[PDB]
Amino acid sequence: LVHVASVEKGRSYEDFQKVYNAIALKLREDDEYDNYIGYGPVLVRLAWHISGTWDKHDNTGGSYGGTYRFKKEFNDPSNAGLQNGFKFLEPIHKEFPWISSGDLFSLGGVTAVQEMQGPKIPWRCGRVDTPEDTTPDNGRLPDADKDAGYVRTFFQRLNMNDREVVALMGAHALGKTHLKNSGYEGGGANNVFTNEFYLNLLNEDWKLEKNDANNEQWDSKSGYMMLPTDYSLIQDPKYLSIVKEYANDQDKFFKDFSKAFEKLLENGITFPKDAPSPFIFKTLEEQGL
Ligand code: HEM
Ligand SMILES: Oc1cccc(F)c1O
Ligand SMILES: Oc1cccc(F)c1O
């Protein structure tokens, strides 16, 4: 199964920068959401969940087809709460109806990372909407009540290695868990992208507690939280090495996250040899906007 990127007709960097800017301006405007976290973190999760359905074995799922717009996928229990991201993006979809759904969802994640002072994430256009019958079934996204071996095996399906897994999980320094969505509660409630996930793992005093949904989670003296799968990154010696690396080198972490996140968002997509080079969007701050 081949999905060839096809540039939206006549569109170029300037067009997508406009879309980026509209998302970024709305991120700034809609500041109240989730107790003033704003929509950045949920947009990042949305980009990841639309991409994370991919299966390297048969090229099913993946960001290309924009299939989250269909009920089977938007009602996946694994996707509970992402409807907030979808609603945020609705007015952008309306202003720019030419951008494909996969392009929009993934560009929402790029924009969020950047505007939250994260690394630049190069991004390619050309995802093409595919029909409802191409929507992947529920159950391809990961469980949180599992161990390091589960995580490692899980991410092999997405063609991610240990370094890529550990880098991607640094996004758990964004936002929070919400009991009603996932059965976990708490987190940093951060909206600025840092390597704090790694520092907190190493430096906080963690206790394994049960939350109000009767699930186990790791809670810190100082008010942070880690899922069992997060904490597994310091229980496995290979992951622990990499955690320490990223805790001690912000720039390395940013660079590795950027590569892994772009890869995640592009899995399944064949880019023609004469496709445009990836775009690197300027932040509103860089533009003086
Ligand atoms: C083993 C893999 C992972 C598991 C089990 C996992 C699980 C979870 C869960 C249970 C939540 C809370 C959802 C809620 O209650 O609202 C969450 C939130 C989040 N996840 Fe993950 N996740 C994983 C990997 C990733 C990756 C790879 C990224 C992106 C690179 C990501 C980004 C996020 C973000 C940004 C949030 C916060 C959303 C918000 O504040 O609304 N996660 N994740
Ligand atoms: O209908 C939509 C709303 C938000 C984002 C999209 F990509 C849509 O197709
Ligand atoms: O463990 C977490 C997962 C997602 C977001 C957070 F803030 C967390 O502490």
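Just follow the structure's listing: the first ligand is 1, and inside any ligand the first atom is 1. All residue numbers refer to positions in the sequence shown, counting from 1. When reading the values below, keep in mind they use all heavy atoms of this one structure, side chains included, and skip hydrogens, waters and symmetry mates.
- Nearest protein heavy-atom contact of atom 40 (O) of ligand 1 is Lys176 N, 3.0 Å.
- Residues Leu141 and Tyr64 are members of separate hydrophobic clusters, defined by side-chain heavy-atom contacts under 4.5 angstrom among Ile, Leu, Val, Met, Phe, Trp and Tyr.
- Neither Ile37 nor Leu46 shares a network with the other; the hydrophobic side chains, linked directly or stepwise wherever heavy atoms of I, L, V, M, F, W or Y lie under 4.5 Å apart, form separate groups for each.
- Remark: distances from the non-hydrogen atoms of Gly81 to ligand 1 are all 4.0 Å or more.
- A donor and an acceptor atom, one from each side chain of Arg163 and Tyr239, are nowhere located under 3.5 Å apart.
- Figure legend: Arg124 and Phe271 shown as a cation-pi pair, the cationic atom lying under 6.0 angstrom from the six-membered ring centre and within 45 degrees of its axis.
- You'll find the ring centres of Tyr198 and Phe253 inside the 6.0 Å limit.
- Cluster annotation: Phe257 is connected to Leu202 through the hydrophobic network of ILVMFWY side chains, with a link wherever side-chain heavy atoms come within less than 4.5 Å.
- Among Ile50, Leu104, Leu46, the residue whose heavy atom sits closest to atom 5 (C) of ligand 2 is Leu104.
- Which parts of ligand 1 touch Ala144 is read off a 4.0 Å heavy-atom cut-off, strictly below it: atoms 5 (C).
- Residue contact check: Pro41 has heavy atoms under 4.0 Å from atoms 35 (C), 40 (O) of ligand 1.
- Using a distance-only test at 3.5 Å, with no hydrogens or angles considered, no donor-acceptor pair links the side chain of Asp143 to the main chain of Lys146.
- The heavy atom nearest to atom 4 (C) of ligand 1, out of those in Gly109, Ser78, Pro142, is found in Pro142.
- If you look at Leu174 next to ligand 3, the close heavy atoms, those under 4.0 Å, all belong to the backbone.
- By the 30° and 60° cut-offs, the orientation of the rings of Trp206 relative to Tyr231 is perpendicular.
- Regarding atom 7 (C) of ligand 1, its nearest protein heavy-atom neighbour is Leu227 CD1, 3.5 Å.
- No donor-acceptor contact under 3.5 angstrom links the side chains of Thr283 and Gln114, judged on distance only.
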(Q) As a quick check of understanding, evaluate salt bridge (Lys or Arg N to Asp or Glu O under 4.0 Å) for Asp76 and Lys72, giving each step before the final call. (A) CA-CA 6 Å; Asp76 186 346; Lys72 176 172 67 183; over 6 Å; no
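- Among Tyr68, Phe86, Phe74, the residue whose heavy atom lies nearest to atom 4 (C) of ligand 2 is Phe86.
- Looking at atom 12 (C) of ligand 1, its nearest protein heavy atom turns out to be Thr177 CG2, 3.5 Å.
- Taking atom 7 (F) of ligand 3 as the reference point, the nearest protein heavy-atom neighbour is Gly175 O, 3.0 Å.
- Protein heavy atom nearest atom 1 (O) of ligand 2, with residue, atom name and distance: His93 CD2, 3.2 Å.
- Close N/O approach between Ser101 and ligand 2 is found [any backbone or side-chain N/O within under 3.5 Å].
- In the model, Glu196 has a side-chain atom that pairs as donor or acceptor with a side-chain atom of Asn190 under 3.5 Å.
- A donor-acceptor contact closer than 3.5 angstrom links the side chains of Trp54 and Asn59.
- Shortest contact from atom 29 (C) of ligand 1 to any protein heavy atom: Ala171 CB, 3.6 Å.
- Set against the non-hydrogen atoms of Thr177, the atoms of ligand 3 under 4.0 Å away are 2 (C), 3 (C), 4 (C).
- An N or O contact shorter than 3.5 Å links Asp230 to ligand 3 by distance.
- The aromatic rings of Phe74 and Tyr68 lie perpendicular to each other, with more than 60° between the two planes, well past the 30° mark.
- Here's the thing with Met225: one of its N/O atoms is less than 3.5 angstrom from an N/O atom of ligand 3.
- By the 3.5 Å distance cut-off applied to N or O atoms, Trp48 is counted among the residues near ligand 1.
- Contacts between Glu90 and ligand 2 below 4.0 angstrom, taking non-hydrogen atoms only, involve backbone and side chain alike.
- No donor-acceptor distance shorter than 3.5 angstrom exists from the side chain of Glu90 to the backbone of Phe88, with no hydrogens or angles considered.
- Counting only non-hydrogen atoms, the option in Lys176, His172, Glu196 that gets closest to atom 8 (C) of ligand 3 is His172.
- Heavy-atom contacts of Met226 reach the following atoms of ligand 3: 1 (O), 9 (O) (cutoff under 4.0 Å).
- The shortest N/O to N/O separation between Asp143 and ligand 1 does not fall below 3.5 Å.
- In the vicinity of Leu174, heavy-atom distances shorter than 4.0 Å reach the ligand 1 atoms 37 (C).
- At a cut-off of 3.5 Å, with distance as the only test, no side-chain donor of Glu73 or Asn79 sits close to an acceptor on the other residue.
- Less than 4.0 angstrom separates some heavy atom of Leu227 from each of these atoms of ligand 3: 1 (O).
- Short contacts between ligand 3 and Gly188, defined as distances under 4.0 Å to a heavy atom of the residue, involve ligand atoms 7 (F).
- The atoms of ligand 1 that sit less than 4.0 Å from any heavy atom of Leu168 are 27 (C), 30 (C).
- Looking at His178, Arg45, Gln217, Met169 and measuring to atom 41 (O) of ligand 1, the nearest heavy atom belongs to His178.
- In the displayed structure, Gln117 atom CD is contacted under 6.0 Å by at most 12 heavy atoms of other residues, nucleotides or ligands.
- A donor-acceptor pair shorter than 3.5 Å cannot be found between the side chains of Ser78 and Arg140.
- Among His49, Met225, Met160, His172, the residue whose heavy atom lies nearest to atom 20 (N) of ligand 1 is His172.
- Near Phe105, meaning under 4.0 Å from one of its heavy atoms, ligand 2 places the atoms 5 (C), 6 (C), 7 (F).
- Atoms of ligand 1 found under 4.0 Å from any heavy atom of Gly175 (numbered from 1 in listed order, with element): 40 (O).
- Only the side chain of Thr229 comes within contact range of ligand 1, with a heavy atom under 4.0 Å; no backbone atom does.
- Both the sub-6.0 Å distance and the 45° axial angle are not jointly satisfied by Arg69 relative to the ring of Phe86.
- At a 4.0 Å heavy-atom cut-off, ligand 1 does not touch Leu179 at all.
- By the 3.5 Å distance cut-off applied to N or O atoms, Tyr184 is not counted among the residues near ligand 1.
- Between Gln17 and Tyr13, the side chains place a donor N or O and an acceptor N or O closer than 3.5 Å (distance only, hydrogens not considered).
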